[PDB]
K.L.:
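Have a look at this one.
In what follows, chains are A, B, ... by sequence order, proteins preceding strands, each numbered from 1. The figures that follow rest on heavy atoms only: side chains count, while hydrogens, waters and symmetry mates do not.
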Amino acid sequence: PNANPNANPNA
Amino acid sequence: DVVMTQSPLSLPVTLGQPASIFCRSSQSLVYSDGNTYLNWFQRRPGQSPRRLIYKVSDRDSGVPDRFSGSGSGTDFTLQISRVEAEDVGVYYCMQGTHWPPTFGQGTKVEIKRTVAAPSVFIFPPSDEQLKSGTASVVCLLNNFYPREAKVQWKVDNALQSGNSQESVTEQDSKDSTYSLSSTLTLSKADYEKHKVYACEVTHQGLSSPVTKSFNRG
Amino acid sequence: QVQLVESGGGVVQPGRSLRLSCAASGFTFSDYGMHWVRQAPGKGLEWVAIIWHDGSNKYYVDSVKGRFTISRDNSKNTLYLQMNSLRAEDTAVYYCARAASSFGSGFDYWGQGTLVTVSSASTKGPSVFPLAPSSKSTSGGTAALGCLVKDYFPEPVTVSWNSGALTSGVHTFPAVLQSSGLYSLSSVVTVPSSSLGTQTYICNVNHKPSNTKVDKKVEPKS
């Protein structure tokens, strides 16, 4: 349910 | 939620000297990918906040090289190698390893500089305000240091109490001084009952208190 | 050249709704995720929400889940925060910020913020009065002048001089709370006394919560 610290929200 | 504890909370520094800001996290910030997600942010007077540092030590675009970051695990330090007048502001750490990201309480940096006496000015109420039924009289103390100052209002030499309010600025990013306004507010009828309006200023840079005044009309 | 500008802050009653916007310029907006962050009394900075570059994922801090919705329109270079079910805890400055390519590194550029005040009190725009330069506001070849901005609610008022072309020597003071519950502030500037007859000094006062804009030319006293 959370975003991990290495998730990339960018293109 | 991970707690980020900064110290000190206030950091007075002489121009050109180094400064260290410390941050401790309640859990280790090492993540399973090998990275440590510890960031620093800066808020300056008049400016949007900005990131300075990410991944403990990597510096952002437009950030001068006098800023650096170090540390590991739970303990981290933001170092300014030589503080400049433009570095006044509040500095925050932020951890991103644990959910949700959390910030420290901030450290305010202020510059210790030489004593500067205020320039003192006074403004009577405008005729436009008087037509509305109120009289605000403004006393301005411009560009002084240190921040401690005493302002007293006298109306026909009677010391006033209860009808004034003061406000002081943040420290200036160029000359490291403060400014202050004190406003005396009266009804128009009360304003018209007296002649001499004076503000008296006491400050370390003045050998004796200075009075600025005017005669109504 | 990256610029972020938030808008929409003002007073809102508990339980009602308010939409914030953030206008982006100077970069390819659709290439970046976007965050909201807030700074509330006694809480410091708090991360609020993120939206992916394409709107495909959204995450929220627990306390706003079920109440706030983040969205974006890439064609209009705009980010939104729809705030429903407002609570007293929500009074804060709201910032938008451009996402880092790893979530744990946060965000690099921020806007200046927009202030949301949760309150049952009515909005009231300010009265603006000149602080004219005179023999009582001059020293050593310099003259001070200003504008007094009285009786507004909620915060903030912003002041510029000469549409932003006059910035040197300006001080705009923090607002003071009057016993009425309304705010007041002043803004002053120091200028050459020699050219008070030839230069024009106008304070530009904007109270966005009431959509009140006032431009006041400050004339010298003689």
Side-chain angles (χ1 to χ4, degrees), chain B residues 118-130 132-142 151-167 179-201 210-217, chain C residues 124-139 143-153 157 159 161 171-180 182-191 196 201-205 207 212 214-222:
Chain B
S119 299
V120 184
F121 303 115
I122 195 171
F123 302 91
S126 68
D127 298 323
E128 179 182 26
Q129 189 186 21
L130 288 170
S132 72
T134 302
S136 299
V137 193
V138 177
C139 187
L140 167 63
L141 286 59
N142 216 37
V151 178
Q152 299 199 101
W153 285 97
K154 307 185 177 39
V155 173
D156 279 338
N157 282 333
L159 255 169
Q160 303 292 291
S161 54
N163 46 8
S164 58
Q165 299 193 271
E166 294 187 348
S167 177
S179 295
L180 180 146
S181 70
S182 178
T183 304
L184 180 67
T185 302
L186 310 174
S187 71
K188 176 182 113 169
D190 277 346
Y191 178 67
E192 290 176 351
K193 291 172 187 307
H194 304 113
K195 173 188 214 64
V196 185
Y197 286 80
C199 66
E200 177 198 85
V201 172
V210 305
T211 303
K212 204 86 183 163
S213 72
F214 68 86
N215 297 337
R216 174 182 58 75
Chain C
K124 185 183 175 307
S127 300
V128 180
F129 304 110
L131 299 167
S134 76
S135 70
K136 298 296 185 168
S137 76
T138 195
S139 166
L145 59 110
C147 285
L148 170 67
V149 180
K150 200 161 175 298
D151 292 333
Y152 58 92
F153 183 85
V157 148
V159 187
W161 286 85
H171 297 298
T172 297
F173 292 95
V176 306
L177 177 62
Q178 305 171 118
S179 44
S180 62
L182 305 175
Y183 289 93
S184 295
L185 66 68
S186 56
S187 182
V188 299
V189 55
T190 55
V191 302
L196 285 179
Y201 295 113
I202 299 170
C203 66
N204 321 107
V205 174
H207 183 237
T212 297
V214 175
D215 296 318
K216 178 68 91 187
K217 176 171 189 182
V218 179
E219 302 278 3
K221 285 225 92 199
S222 176

K.L.:
B:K212: what forms a side chain to side chain donor-acceptor pair (under 3.5 Å) with it, not counting sequence neighbours?
P.N.:
none
K.L.:
Rounded to the nearest 0.5 Å, how far apart are CD of B:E128 and OG of C:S127?
P.N.:
8.0 Å
K.L.:
Quick one: closest heavy-atom pair of B:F123 and C:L145, and the distance?
P.N.:
CE2-CA, 4.1 Å
K.L.:
State, yes or no, whether a side-chain contact exists between B:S179 and C:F173 at a heavy-atom distance under 4.5 Å.
P.N.:
yes
K.L.:
Search all heavy atoms of B:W153 against all heavy atoms of B:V138 and return the closest pair with its distance.
P.N.:
CH2-C, 4.2 Å
K.L.:
At what distance, to the nearest 0.5 angstrom, does CG of B:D190 lie from OG1 of B:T134?
P.N.:
10.5 Å
K.L.:
Measure the spacing between OG of B:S136 and CG of B:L184 and express it to the nearest 0.5 Å.
P.N.:
8.5 Å
K.L.:
Side-chain contact, heavy-atom cut-off 4.5 Å: C:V159 with C:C147?
P.N.:
no
K.L.:
Do the non-hydrogen side-chain atoms of B:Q165 and B:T183 ever get within less than 4.5 Å of each other?
P.N.:
no
K.L.:
May I ask you to check whether B:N163 and B:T185 show a side-chain donor-acceptor distance below 3.5 Å?
P.N.:
no
K.L.:
Over all heavy atoms of both residues, which pair between B:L140 and C:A144 is shortest? Give the atoms and the distance, please.
P.N.:
CD2-CB, 4.0 Å
K.L.:
Is there side-chain contact between B:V155 and B:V137, with at least one heavy-atom pair below 4.5 Å?
P.N.:
no
K.L.:
Main chain of C:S135, side chain of C:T138: is a donor-acceptor contact present, judged purely on distance under 3.5 Å?
P.N.:
no
K.L.:
Quick check: closest heavy atoms across B:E166 and C:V176, and the distance to 0.1 Å?
P.N.:
O-CG1, 3.7 Å
K.L.:
To the nearest 0.5 Å, what is the distance between CZ on B:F121 and SG on B:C139?
P.N.:
10.0 Å
K.L.:
Over all heavy atoms of both residues, which pair between B:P124 and B:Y191 is shortest? Give the atoms and the distance, please.
P.N.:
CB-OH, 4.3 Å
K.L.:
Assess whether atom NZ of B:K154 is packed by more than 12 heavy atoms of other residues, nucleotides or ligands within 6.0 Å.
P.N.:
yes
K.L.:
Ignoring hydrogens and angles, tell me if any N or O in the side chain of B:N142 forms a donor-acceptor pair with the backbone of B:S119 under 3.5 Å.
P.N.:
no
K.L.:
Taking the side chain as everything from C-beta on, heavy atoms only, tell me whether B:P125 gets closer than 4.5 Å to C:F129.
P.N.:
no
K.L.:
Rounded at 0.5 Å granularity, tell me how far NE2 in C:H207 sits from OH in C:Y183.
P.N.:
10.0 Å
K.L.:
Using side-chain heavy atoms (C-beta onward) and a distance below 4.5 Å, is C:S186 in contact with B:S181?
P.N.:
yes
K.L.:
Assess the residue pair B:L186 and B:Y197 against the criterion (side-chain contact (heavy atoms from CB on, under 4.5 Å)); give the C-alpha distance rounded to whole Å, side-chain angles, the decisive distance to 0.1 Å, and a yes or no.
P.N.:
CA-CA 12 Å; B:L186 310 174; B:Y197 286 80; 3.7 Å; yes
K.L.:
C:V149 versus C:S187: any side-chain heavy-atom pair under 4.5 Å?
P.N.:
no
K.L.:
Mind checking side chain to side chain donor-acceptor pair (under 3.5 Å) for C:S184 and listing every partner two or more places apart, or none if nothing turns up?
P.N.:
C:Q178
K.L.:
Decide if atom CG of B:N157 counts as having more than 12 heavy atoms of other residues, nucleotides or ligands within a radius under 6.0 Å.
P.N.:
no
K.L.:
For C:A132 and C:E219, work out which heavy atoms get closest and say how close.
P.N.:
CB-O, 3.3 Å
K.L.:
What's the spacing between C:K136 NZ and B:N215 CG if we round to 0.5 Å?
P.N.:
7.0 Å
K.L.:
Compare all side-chain heavy atoms of C:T212 with those of C:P126 and state whether any distance is below 4.5 angstrom.
P.N.:
yes
